[PDB]
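Shown below: data.cif, with mmCIF, C-alpha atoms and all ligand atoms.
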```
data_input
#
loop_
_atom_site.label_atom_id
_atom_site.label_comp_id
_atom_site.auth_asym_id
_atom_site.auth_seq_id
_atom_site.Cartn_x
_atom_site.Cartn_y
_atom_site.Cartn_z
CA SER A 167 -2.39 27.91 -11.76
CA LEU A 168 -0.43 27.73 -8.49
CA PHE A 169 2.22 25.28 -7.30
CA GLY A 170 1.98 26.57 -3.72
CA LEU A 171 0.10 29.17 -1.68
CA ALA A 172 1.42 30.45 1.64
CA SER A 173 0.45 33.25 4.02
CA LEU A 174 2.49 34.70 6.90
CA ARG A 175 0.50 36.62 9.52
CA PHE A 176 2.07 38.65 12.32
CA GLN A 177 0.88 37.62 15.80
CA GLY A 178 2.80 39.86 18.19
CA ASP A 179 5.83 37.74 19.03
CA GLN A 180 5.76 34.96 16.41
CA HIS A 181 4.45 34.69 12.86
CA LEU A 182 1.97 32.02 11.76
CA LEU A 183 2.66 30.38 8.39
CA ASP A 184 -0.40 28.85 6.72
CA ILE A 185 0.18 26.92 3.49
CA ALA A 186 -3.11 26.15 1.74
CA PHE A 187 -1.36 23.78 -0.68
CA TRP A 188 2.19 23.21 -1.87
CA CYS A 189 3.68 21.27 -4.78
CA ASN A 190 7.21 19.88 -4.92
CA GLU A 191 9.15 17.16 -6.70
CA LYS A 192 9.20 15.34 -3.34
CA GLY A 193 5.42 15.52 -2.95
CA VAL A 194 2.34 17.69 -2.40
CA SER A 195 1.15 19.00 0.97
CA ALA A 196 -2.17 20.62 1.86
CA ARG A 197 -3.32 22.81 4.77
CA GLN A 198 -0.15 23.10 6.84
CA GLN A 199 0.03 25.48 9.81
CA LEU A 200 3.40 26.29 11.40
CA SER A 201 4.93 28.94 13.65
CA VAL A 202 8.06 30.89 12.74
CA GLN A 203 10.12 33.47 14.62
CA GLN A 204 12.36 36.27 13.32
CA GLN A 205 15.54 35.92 15.39
CA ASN A 206 18.05 38.62 14.37
CA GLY A 207 16.34 38.85 10.99
CA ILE A 208 16.33 35.06 10.48
CA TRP A 209 13.03 33.22 9.96
CA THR A 210 13.32 29.98 11.93
CA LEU A 211 10.66 27.34 12.56
CA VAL A 212 9.65 26.76 16.16
CA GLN A 213 10.46 23.46 17.85
CA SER A 223 11.85 4.85 30.53
CA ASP A 224 13.94 2.19 28.76
CA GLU A 225 12.56 -0.82 30.65
CA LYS A 226 11.46 -2.48 27.38
CA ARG A 227 14.25 -1.28 25.07
CA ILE A 228 16.74 -4.11 24.55
CA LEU A 229 20.41 -3.39 23.80
CA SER A 230 22.43 -6.44 22.74
CA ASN A 231 25.44 -7.29 20.61
CA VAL A 232 24.93 -8.35 17.00
CA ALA A 233 26.59 -11.63 18.03
CA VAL A 234 23.81 -12.17 20.58
CA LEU A 235 21.49 -12.93 17.66
CA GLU A 236 24.31 -14.67 15.74
CA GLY A 237 24.40 -11.66 13.43
CA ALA A 238 20.65 -11.67 12.82
CA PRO A 239 18.89 -8.26 12.76
CA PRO A 240 16.91 -7.00 15.78
CA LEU A 241 13.80 -8.86 16.90
CA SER A 242 11.60 -5.77 17.26
CA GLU A 243 11.70 -1.99 17.62
CA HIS A 244 12.96 -2.24 21.21
CA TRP A 245 15.91 -4.35 20.02
CA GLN A 246 19.08 -2.46 19.07
CA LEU A 247 22.22 -4.24 17.86
CA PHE A 248 25.90 -3.47 18.41
CA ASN A 249 28.81 -4.81 16.37
CA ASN A 250 31.10 -5.43 19.36
CA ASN A 251 30.82 -5.21 23.13
CA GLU A 252 32.39 -1.76 23.23
CA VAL A 253 29.76 0.43 21.56
CA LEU A 254 27.19 -1.48 23.61
CA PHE A 255 29.20 -0.70 26.74
CA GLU B 78 -32.67 11.30 -17.50
CA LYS B 79 -30.31 9.95 -20.16
CA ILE B 80 -26.62 9.24 -20.74
CA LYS B 81 -24.56 8.30 -23.78
CA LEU B 82 -23.08 4.80 -23.94
CA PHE B 83 -19.86 4.27 -25.90
CA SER B 84 -17.91 1.10 -26.67
CA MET B 85 -14.23 0.94 -27.61
CA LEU B 86 -11.90 -1.87 -28.61
CA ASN B 87 -9.68 -3.35 -25.91
CA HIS B 88 -6.57 -1.78 -27.44
CA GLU B 89 -4.23 1.17 -26.99
CA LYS B 90 -5.40 2.76 -30.26
CA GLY B 91 -8.92 3.10 -28.86
CA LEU B 92 -7.63 5.06 -25.87
CA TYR B 93 -5.39 7.14 -28.14
CA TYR B 94 -8.26 8.04 -30.50
CA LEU B 95 -10.84 8.53 -27.70
CA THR B 96 -10.50 12.32 -27.93
CA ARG B 97 -11.09 12.55 -31.69
CA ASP B 98 -13.85 9.94 -31.60
CA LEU B 99 -15.75 11.78 -28.87
CA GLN B 100 -15.20 15.11 -30.64
CA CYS B 101 -16.79 13.53 -33.72
CA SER B 102 -19.54 12.18 -31.44
CA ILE B 103 -20.12 14.54 -28.48
CA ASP B 104 -19.43 18.20 -27.76
CA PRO B 105 -17.33 17.80 -24.57
CA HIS B 106 -18.22 21.21 -23.11
CA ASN B 107 -19.91 20.71 -19.72
CA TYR B 108 -19.74 16.94 -20.13
CA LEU B 109 -18.36 14.06 -18.07
CA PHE B 110 -16.32 10.97 -18.98
CA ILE B 111 -16.46 7.70 -17.04
CA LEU B 112 -13.92 5.22 -18.43
CA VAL B 113 -14.44 1.77 -16.90
CA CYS B 114 -11.53 -0.30 -18.17
CA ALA B 115 -11.20 -4.08 -18.13
CA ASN B 116 -9.16 -6.04 -15.60
CA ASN B 117 -5.46 -5.13 -15.90
CA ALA B 118 -6.27 -3.06 -18.98
CA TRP B 119 -3.63 -0.43 -18.13
CA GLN B 120 -0.81 -2.98 -17.83
CA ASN B 121 0.42 -2.87 -21.45
CA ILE B 122 0.70 0.94 -21.69
CA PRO B 123 4.32 2.19 -21.54
CA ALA B 124 5.33 4.91 -19.10
CA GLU B 125 6.28 7.66 -21.56
CA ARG B 126 3.22 7.10 -23.75
CA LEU B 127 1.04 7.07 -20.63
CA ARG B 128 2.51 10.41 -19.55
CA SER B 129 1.94 11.92 -23.00
CA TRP B 130 -1.63 10.61 -23.08
CA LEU B 131 -2.34 12.00 -19.61
CA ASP B 132 -0.93 15.39 -20.62
CA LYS B 133 -3.07 15.44 -23.77
CA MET B 134 -6.15 14.43 -21.78
CA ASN B 135 -5.53 17.18 -19.21
CA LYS B 136 -5.02 19.81 -21.92
CA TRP B 137 -8.18 18.64 -23.69
CA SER B 138 -10.11 18.73 -20.40
CA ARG B 139 -8.96 22.28 -19.68
CA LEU B 140 -9.72 23.45 -23.22
CA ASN B 141 -13.16 21.82 -23.35
CA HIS B 142 -13.98 22.35 -19.65
CA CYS B 143 -14.76 18.63 -19.45
CA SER B 144 -14.12 16.27 -16.54
CA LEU B 145 -12.72 12.75 -16.94
CA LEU B 146 -12.88 9.81 -14.53
CA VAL B 147 -10.98 6.56 -15.08
CA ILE B 148 -11.67 3.39 -13.08
CA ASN B 149 -8.93 0.79 -13.55
CA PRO B 150 -9.32 -2.66 -11.96
CA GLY B 151 -5.77 -3.83 -11.33
CA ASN B 152 -3.52 -5.51 -8.80
CA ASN B 153 0.05 -4.57 -9.81
CA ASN B 154 -0.34 -0.83 -10.48
CA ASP B 155 2.09 0.32 -7.77
CA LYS B 156 4.56 1.54 -10.41
CA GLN B 157 1.62 3.04 -12.30
CA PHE B 158 0.48 4.67 -9.05
CA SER B 159 3.95 6.18 -8.61
CA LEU B 160 3.83 7.43 -12.20
CA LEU B 161 0.44 9.03 -11.51
CA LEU B 162 1.92 10.68 -8.42
CA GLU B 163 4.81 12.03 -10.50
CA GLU B 164 2.32 13.66 -12.92
CA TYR B 165 0.39 15.38 -10.13
CA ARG B 166 0.49 18.67 -12.06
CA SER B 167 -1.73 17.40 -14.88
CA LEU B 168 -3.82 15.38 -12.44
CA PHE B 169 -6.05 16.89 -9.77
CA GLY B 170 -7.13 13.80 -7.81
CA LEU B 171 -5.94 10.23 -7.25
CA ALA B 172 -7.87 7.64 -5.25
CA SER B 173 -7.40 3.92 -4.61
CA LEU B 174 -9.91 1.41 -3.23
CA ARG B 175 -8.64 -1.68 -1.39
CA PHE B 176 -10.98 -4.56 -0.58
CA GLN B 177 -10.64 -5.81 3.01
CA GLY B 178 -13.20 -8.59 3.26
CA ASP B 179 -15.98 -6.73 5.05
CA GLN B 180 -15.05 -3.10 4.30
CA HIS B 181 -13.19 -1.16 1.63
CA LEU B 182 -10.38 1.34 2.20
CA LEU B 183 -10.35 4.51 0.11
CA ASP B 184 -6.96 6.25 -0.02
CA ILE B 185 -6.86 9.70 -1.62
CA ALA B 186 -3.29 10.76 -2.36
CA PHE B 187 -4.52 14.23 -3.34
CA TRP B 188 -7.71 15.98 -4.38
CA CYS B 189 -8.36 19.53 -5.60
CA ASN B 190 -11.76 21.13 -6.18
CA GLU B 191 -13.52 24.47 -5.82
CA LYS B 192 -13.82 24.00 -2.04
CA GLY B 193 -10.11 23.43 -1.35
CA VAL B 194 -7.28 20.91 -1.61
CA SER B 195 -6.80 17.77 0.49
CA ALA B 196 -3.74 15.51 0.53
CA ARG B 197 -3.13 11.97 1.80
CA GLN B 198 -6.49 11.06 3.32
CA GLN B 199 -7.51 7.55 4.38
CA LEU B 200 -11.17 6.62 4.85
CA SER B 201 -13.31 3.49 5.15
CA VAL B 202 -16.24 2.91 2.79
CA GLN B 203 -18.57 -0.09 2.76
CA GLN B 204 -20.91 -1.57 0.14
CA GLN B 205 -24.39 -1.87 1.67
CA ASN B 206 -27.00 -3.29 -0.74
CA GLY B 207 -24.87 -2.16 -3.67
CA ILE B 208 -24.51 1.40 -2.34
CA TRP B 209 -21.08 2.78 -1.45
CA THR B 210 -21.44 4.48 1.93
CA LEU B 211 -18.68 5.95 4.09
CA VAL B 212 -18.17 4.36 7.51
CA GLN B 213 -17.67 6.86 10.33
CA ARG B 222 -3.12 2.24 9.09
CA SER B 223 -4.93 1.21 12.29
CA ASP B 224 -3.54 -2.31 12.85
CA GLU B 225 -0.39 -2.11 10.70
CA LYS B 226 1.92 -2.39 13.71
CA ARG B 227 0.02 -5.42 15.03
CA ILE B 228 1.62 -8.78 14.22
CA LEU B 229 -0.30 -12.06 14.16
CA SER B 230 1.71 -15.27 14.36
CA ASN B 231 1.46 -18.92 15.36
CA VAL B 232 2.81 -20.13 18.70
CA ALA B 233 5.07 -22.70 17.03
CA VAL B 234 6.71 -19.91 15.01
CA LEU B 235 8.30 -18.44 18.14
CA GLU B 236 9.22 -21.97 19.31
CA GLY B 237 7.96 -21.15 22.79
CA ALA B 238 9.05 -17.52 22.88
CA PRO B 239 6.63 -15.04 24.49
CA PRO B 240 5.14 -12.13 22.51
CA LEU B 241 8.05 -9.95 21.45
CA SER B 242 6.04 -6.72 21.81
CA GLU B 243 2.59 -5.32 22.57
CA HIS B 244 1.72 -5.70 18.88
CA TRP B 245 2.24 -9.49 19.06
CA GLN B 246 -0.63 -11.98 19.23
CA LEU B 247 -0.02 -15.74 19.34
CA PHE B 248 -2.39 -18.48 18.20
CA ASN B 249 -2.27 -22.23 18.79
CA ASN B 250 -2.85 -23.24 15.16
CA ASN B 251 -3.38 -21.65 11.75
CA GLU B 252 -7.17 -21.85 11.99
CA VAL B 253 -8.10 -19.29 14.65
CA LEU B 254 -5.24 -17.23 13.22
CA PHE B 255 -7.10 -16.98 9.91
CA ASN B 256 -10.33 -16.14 11.76
CA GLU B 257 -8.59 -13.28 13.58
CA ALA B 258 -6.90 -12.09 10.37
CA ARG B 259 -10.36 -11.93 8.78
CA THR B 260 -11.06 -9.01 11.12
CA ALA B 261 -7.56 -7.52 10.90
CA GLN B 262 -6.82 -5.10 8.05
CA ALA B 263 -3.09 -4.25 8.00
CA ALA B 264 -1.81 -6.67 10.64
CA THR B 265 1.13 -8.94 9.86
CA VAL B 266 0.02 -12.57 9.59
CA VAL B 267 2.65 -15.27 10.17
CA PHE B 268 1.83 -18.95 9.67
CA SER B 269 3.62 -22.10 10.83
CA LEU B 270 4.29 -25.20 8.72
CA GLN B 271 4.78 -28.56 10.45
CA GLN B 272 3.83 -31.32 8.00
CA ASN B 273 2.96 -31.85 4.34
CA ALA B 274 -0.76 -32.12 5.11
CA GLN B 275 -0.84 -28.43 6.09
CA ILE B 276 0.45 -27.20 2.72
CA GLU B 277 -2.85 -27.27 0.82
CA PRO B 278 -5.41 -25.92 3.36
CA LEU B 279 -2.99 -23.24 4.54
CA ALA B 280 -2.60 -22.37 0.84
CA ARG B 281 -6.40 -22.06 0.59
CA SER B 282 -6.46 -19.89 3.72
CA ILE B 283 -3.78 -17.64 2.19
CA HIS B 284 -5.82 -17.42 -1.02
CA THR B 285 -8.83 -16.28 0.99
CA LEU B 286 -6.64 -13.87 2.97
CA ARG B 287 -5.47 -12.34 -0.33
CA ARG B 288 -8.91 -12.20 -1.95
CA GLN B 289 -10.91 -10.89 1.01
CA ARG B 290 -8.00 -8.74 2.23
CA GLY B 291 -6.06 -6.56 -0.19
CA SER B 292 -2.34 -5.92 -0.59
CA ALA B 293 -2.09 -3.94 2.66
CA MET B 294 -2.13 -7.11 4.77
CA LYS B 295 1.19 -8.93 5.12
CA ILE B 296 1.07 -12.72 4.79
CA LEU B 297 4.04 -14.83 5.88
CA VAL B 298 4.60 -18.54 6.47
CA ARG B 299 7.24 -19.86 8.86
CA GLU B 300 8.61 -23.34 8.16
CA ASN B 301 9.36 -25.18 11.40
CA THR B 302 9.94 -28.66 9.92
CA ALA B 303 11.67 -29.67 6.69
CA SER B 304 8.41 -30.57 4.95
CA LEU B 305 8.44 -28.21 1.97
CA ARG B 306 9.30 -28.30 -1.73
CA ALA B 307 9.95 -25.62 -4.33
CA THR B 308 6.56 -26.21 -5.96
CA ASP B 309 4.75 -25.84 -2.64
CA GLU B 310 6.60 -22.58 -1.95
CA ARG B 311 5.65 -21.27 -5.39
CA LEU B 312 2.03 -22.24 -4.72
CA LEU B 313 2.11 -20.39 -1.40
CA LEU B 314 3.59 -17.33 -3.12
CA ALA B 315 0.87 -17.45 -5.79
CA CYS B 316 -1.88 -17.79 -3.18
CA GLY B 317 -0.92 -14.40 -1.74
CA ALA B 318 1.90 -15.06 0.71
CA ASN B 319 4.72 -12.52 0.56
CA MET B 320 7.42 -15.14 1.20
CA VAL B 321 7.97 -18.43 3.02
CA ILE B 322 10.67 -18.46 5.69
CA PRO B 323 12.99 -21.49 5.34
CA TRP B 324 13.32 -23.83 8.31
CA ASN B 325 17.13 -23.56 8.19
CA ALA B 326 17.15 -19.91 9.26
CA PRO B 327 16.94 -19.21 13.02
CA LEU B 328 13.99 -17.45 14.64
CA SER B 329 15.56 -13.99 14.51
CA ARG B 330 15.98 -14.39 10.75
CA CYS B 331 12.24 -15.08 10.59
CA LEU B 332 11.58 -11.95 12.67
CA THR B 333 13.74 -9.74 10.44
CA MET B 334 12.01 -11.20 7.37
CA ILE B 335 8.74 -10.19 9.04
CA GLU B 336 10.19 -6.71 9.57
CA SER B 337 11.21 -6.58 5.90
CA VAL B 338 7.63 -6.84 4.60
CA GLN B 339 6.51 -4.01 6.89
CA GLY B 340 5.33 -1.10 4.77
CA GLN B 341 5.20 -3.30 1.65
CA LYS B 342 2.17 -4.30 -0.42
CA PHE B 343 1.64 -7.65 -2.15
CA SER B 344 1.43 -6.51 -5.78
CA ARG B 345 1.49 -9.96 -7.40
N1 LIG A 401 15.45 -38.49 -0.01
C1 LIG A 401 14.40 -38.29 -0.82
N2 LIG A 401 13.50 -39.26 -0.97
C2 LIG A 401 12.50 -38.89 -1.81
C3 LIG A 401 12.34 -37.70 -2.47
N3 LIG A 401 11.18 -37.72 -3.24
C4 LIG A 401 10.67 -38.90 -3.02
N4 LIG A 401 11.42 -39.67 -2.16
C5 LIG A 401 11.13 -41.03 -1.71
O1 LIG A 401 10.02 -41.52 -2.42
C6 LIG A 401 8.90 -41.72 -1.52
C7 LIG A 401 7.63 -41.26 -2.20
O2 LIG A 401 7.59 -39.81 -2.21
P1 LIG A 401 6.59 -39.08 -3.23
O3 LIG A 401 6.07 -40.08 -4.22
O4 LIG A 401 7.30 -37.87 -3.79
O5 LIG A 401 5.39 -38.61 -2.27
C8 LIG A 401 5.83 -38.00 -1.06
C9 LIG A 401 5.47 -36.51 -1.02
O6 LIG A 401 4.29 -36.20 -1.73
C10 LIG A 401 5.29 -36.25 0.47
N5 LIG A 401 6.49 -35.74 1.15
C11 LIG A 401 7.37 -36.46 1.92
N6 LIG A 401 8.34 -35.73 2.41
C12 LIG A 401 8.07 -34.45 1.95
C13 LIG A 401 8.78 -33.24 2.16
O7 LIG A 401 9.81 -33.06 2.83
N7 LIG A 401 8.17 -32.17 1.52
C14 LIG A 401 7.02 -32.25 0.76
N8 LIG A 401 6.58 -31.11 0.22
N9 LIG A 401 6.36 -33.38 0.55
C15 LIG A 401 6.94 -34.44 1.17
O8 LIG A 401 4.92 -37.47 1.07
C16 LIG A 401 5.06 -38.56 0.13
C17 LIG A 401 5.74 -39.72 0.82
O9 LIG A 401 7.17 -39.48 0.85
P2 LIG A 401 8.09 -40.34 1.86
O10 LIG A 401 7.22 -40.94 2.92
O11 LIG A 401 9.23 -39.47 2.31
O12 LIG A 401 8.64 -41.50 0.90
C18 LIG A 401 9.27 -40.95 -0.26
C19 LIG A 401 10.79 -41.13 -0.23
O13 LIG A 401 11.20 -42.36 0.31
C20 LIG A 401 13.30 -36.67 -2.31
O14 LIG A 401 13.31 -35.54 -2.82
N10 LIG A 401 14.31 -37.06 -1.43
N1 LIG A 402 12.05 -35.04 -9.71
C1 LIG A 402 12.77 -35.33 -8.62
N2 LIG A 402 13.48 -34.38 -8.03
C2 LIG A 402 14.14 -34.84 -6.94
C3 LIG A 402 14.15 -36.12 -6.43
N3 LIG A 402 14.96 -36.19 -5.30
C4 LIG A 402 15.42 -34.97 -5.16
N4 LIG A 402 14.96 -34.10 -6.12
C5 LIG A 402 15.28 -32.68 -6.24
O1 LIG A 402 16.34 -32.37 -5.37
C6 LIG A 402 16.03 -31.13 -4.69
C7 LIG A 402 16.78 -31.03 -3.37
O2 LIG A 402 17.33 -32.32 -3.00
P1 LIG A 402 16.73 -33.11 -1.74
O3 LIG A 402 17.88 -33.60 -0.91
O4 LIG A 402 15.76 -34.13 -2.27
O5 LIG A 402 15.96 -31.95 -0.93
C8 LIG A 402 14.61 -32.29 -0.60
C9 LIG A 402 14.50 -33.31 0.53
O6 LIG A 402 15.48 -33.16 1.52
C10 LIG A 402 13.10 -33.02 1.08
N5 LIG A 402 12.04 -33.82 0.47
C11 LIG A 402 11.11 -33.38 -0.44
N6 LIG A 402 10.28 -34.32 -0.81
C12 LIG A 402 10.68 -35.44 -0.11
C13 LIG A 402 10.16 -36.76 -0.10
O7 LIG A 402 9.19 -37.20 -0.74
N7 LIG A 402 10.87 -37.59 0.76
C14 LIG A 402 11.95 -37.21 1.52
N8 LIG A 402 12.50 -38.16 2.29
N9 LIG A 402 12.45 -35.97 1.52
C15 LIG A 402 11.77 -35.15 0.69
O8 LIG A 402 12.84 -31.66 0.83
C16 LIG A 402 13.90 -31.09 0.02
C17 LIG A 402 13.30 -30.10 -0.96
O9 LIG A 402 13.12 -30.72 -2.25
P2 LIG A 402 12.71 -29.79 -3.49
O10 LIG A 402 12.51 -28.38 -2.99
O11 LIG A 402 11.57 -30.43 -4.23
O12 LIG A 402 14.02 -29.81 -4.41
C18 LIG A 402 14.52 -31.14 -4.58
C19 LIG A 402 14.11 -31.75 -5.92
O13 LIG A 402 13.94 -30.79 -6.94
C20 LIG A 402 13.39 -37.13 -7.06
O14 LIG A 402 13.28 -38.32 -6.75
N10 LIG A 402 12.72 -36.63 -8.18
#
```

Rendering of file as structure tokens:
Amino acid sequence: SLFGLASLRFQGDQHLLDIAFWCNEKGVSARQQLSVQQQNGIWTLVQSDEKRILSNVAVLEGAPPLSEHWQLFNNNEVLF
Amino acid sequence: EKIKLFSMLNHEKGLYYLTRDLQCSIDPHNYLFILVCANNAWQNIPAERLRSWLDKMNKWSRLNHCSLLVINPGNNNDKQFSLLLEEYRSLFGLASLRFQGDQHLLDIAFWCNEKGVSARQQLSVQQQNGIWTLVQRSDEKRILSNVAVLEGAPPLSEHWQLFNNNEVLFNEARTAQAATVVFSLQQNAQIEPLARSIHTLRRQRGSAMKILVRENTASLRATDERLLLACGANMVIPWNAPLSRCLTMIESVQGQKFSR
């Protein structure tokens, strides 16, 4: 008899939002815990490249990237 | 101590009349249904009629306080699975079991009972002496391929494993569950036993595993490609396309299940 159950508990500086279950046309979620803050009356949710390969799309003769570390560029200006 | 055994005709009318027949036969209050259908029995049921039947079954279950379980052996129920997901209101639990050679994977899209609600759980259950016991996704990123596929190229990523021939590759894929398996074709003599290996890889391992065959030499026909597709291979990469085309074809089947 419920398409979603949520509770918001005050915890001093931020509120904790606990959704036991939730139904939506995009799916159903269960047992979600999140933190929200009331900033000026607004509830807002709280918040190396050695292997990454950057090459032109013409490097692979137009073929898509080899792997996740491969990123393509149409011309050698966006790549630059 | 005792249960009631019921037989119905392999037809849509039997499923449609199930409610009235059981009402004429059994008082459904505090009573459980287990509907074990035949192989691909739910393939001929249209979408709208299936939705109406599910709604009627749910209303009847609520009115009679009776629980219904349906076990459907099928291989191409992905659209049916999506339809079941769309009717999550009437439903209160959807589970799928995928055979993976040595173990079985139980995926519960959702489940609601008196002790709470769980959504999108994945567990491993095995069949020991005919008993289903839980074993207390994981290798989906991992890619298994033949050395000749890369034409000498090193592993493209950490998730890449290379094998000399398509024999130890099948042995490793026997242990893998969701890894991407890529074969290499060199001559005509490899068409049949690789086809057999693919058949095994599709029977022991379910639709989660990705099976691909790279053609390195022009030694293929349309009939052989159709046979490879029927054995369980997602698609066969033509020899004309360069290696990066093969790699992007591999990337295409990521997140896809072999429903054929
Ligand atoms: N250009 C051309 N010639 C054709 C074709 N089909 C047959 N032939 C000729 O007929 C011979 C006998 O082929 P088969 O009886 O089909 O029996 C063939 C076939 O079963 C197989 N085979 C040969 N090449 C291929 C191939 O590229 N793919 C596949 N899947 N099987 C092949 O090996 C057998 C021996 O074939 P070959 O030694 O090539 O010798 C071939 C070839 O000279 C065709 O589509 N194109
Ligand atoms: N019934 C019949 N159909 C024929 C014959 N020759 C060619 N075809 C048809 O032509 C298609 C493509 O022409 P292809 O140059 O033979 O294209 C062939 C050819 O280059 C090669 N190939 C296949 N089998 C053989 C073979 O036995 N020998 C040789 N030398 N090449 C073959 O593989 C390609 C793929 O062939 P498919 O996918 O089967 O598709 C073949 C096949 O359906 C023939 O003698 N009988």

Write out as a PyMOL selection string which residues come within 12 Å of residue 240 in chain A when counting all atoms listed in the file, dropping same-chain ones fewer than 6 positions away.
-> (chain A and resi 227-234+246-248) or (chain B and resi 241+328-337)

Using C-alpha atoms, can you export the residues from the last selection as a compact mmCIF listing (two decimals), in the coordinates of the input?
```
# COMPACT_ATOMS: atom_id res chain seq x y z
CA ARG A 227 14.25 -1.28 25.07
CA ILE A 228 16.74 -4.11 24.55
CA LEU A 229 20.41 -3.39 23.80
CA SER A 230 22.43 -6.44 22.74
CA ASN A 231 25.44 -7.29 20.61
CA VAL A 232 24.93 -8.35 17.00
CA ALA A 233 26.59 -11.63 18.03
CA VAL A 234 23.81 -12.17 20.58
CA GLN A 246 19.08 -2.46 19.07
CA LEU A 247 22.22 -4.24 17.86
CA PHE A 248 25.90 -3.47 18.41
CA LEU B 241 8.05 -9.95 21.45
CA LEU B 328 13.99 -17.45 14.64
CA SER B 329 15.56 -13.99 14.51
CA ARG B 330 15.98 -14.39 10.75
CA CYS B 331 12.24 -15.08 10.59
CA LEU B 332 11.58 -11.95 12.67
CA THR B 333 13.74 -9.74 10.44
CA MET B 334 12.01 -11.20 7.37
CA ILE B 335 8.74 -10.19 9.04
CA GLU B 336 10.19 -6.71 9.57
CA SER B 337 11.21 -6.58 5.90
```

So which residues touch residue 229 in chain B within 8 Å, counting all atoms listed in the file, skipping near sequence neighbours fewer than 2 positions away, as a PyMOL selection string?
-> chain B and resi 227+231+245-248+254+258+264-267

Contact set, chain A to chain B: 7 Å, all atoms listed in the file, as a ChimeraX atom specification = /A:187,195-196,235,238-242

Atom pair atom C13 of ligand LIG 401 (chain A) + CA of residue 307 in chain B, distance 10.1 Å

Do you know which residues are within 8 Å of ligand LIG 402 (chain A) using all atoms listed in the file? Can you write them as number ranges by chain?
-> B: 303-308

Would you name the residues within 12 Å of ligand LIG 401 (chain A), counting only C-alpha atoms and all ligand atoms, and put them as number ranges by chain?
-> B: 270-277, 300-313, 324

Gap from CA of residue 256 in chain B to CA of residue 211 in chain B - Å, one decimal =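 CA of residue 211 in chain B lies at a distance of 24.8 Å from CA of residue 256 in chain B.
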
Skipping near chain neighbours, those fewer than 6 positions away, what residues fall within 12 Å of residue 190 in chain B using only C-alpha atoms, listed as a ChimeraX atom specification?
-> /B:144,168-170,196

Find the residues near range 104-121 of chain B: any atom within 8 Å, counting only C-alpha atoms, skip ones fewer than 5 places away on the same chain, and give them as number ranges by chain.
-> B: 87, 99, 141-152, 154

Enclose range 83-100 of chain B, meaning all of its atoms listed in the file, in a box aligned along x, y and z, pad it by 4 Å on each side, and list the centre and edge lengths in Å to one decimal, as JSON.
```
{"center_x": -12.0, "center_y": 5.9, "center_z": -28.8, "size_x": 23.6, "size_y": 26.5, "size_z": 13.8}
```

Fewer than 2 positions away in the same chain doesn't count, so skip those; otherwise give me all residues within 9 Å of range 278-289 of chain B, counting all atoms listed in the file, as a PyMOL selection string.
-> chain B and resi 176-179+251-252+255+258-259+268+270+274-276+291-292+294+296+309+312-318+343

Which one of A:174, A:203, A:210, A:168 sits closest to residue 190 in chain A if you count all atoms listed in the file?
->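 So, comparing all the options, the nearest one is A:168.
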
Length of the CA of residue 233 in chain B to CA of residue 321 in chain B vector [Å] =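 It comes out at 14.9 Å.
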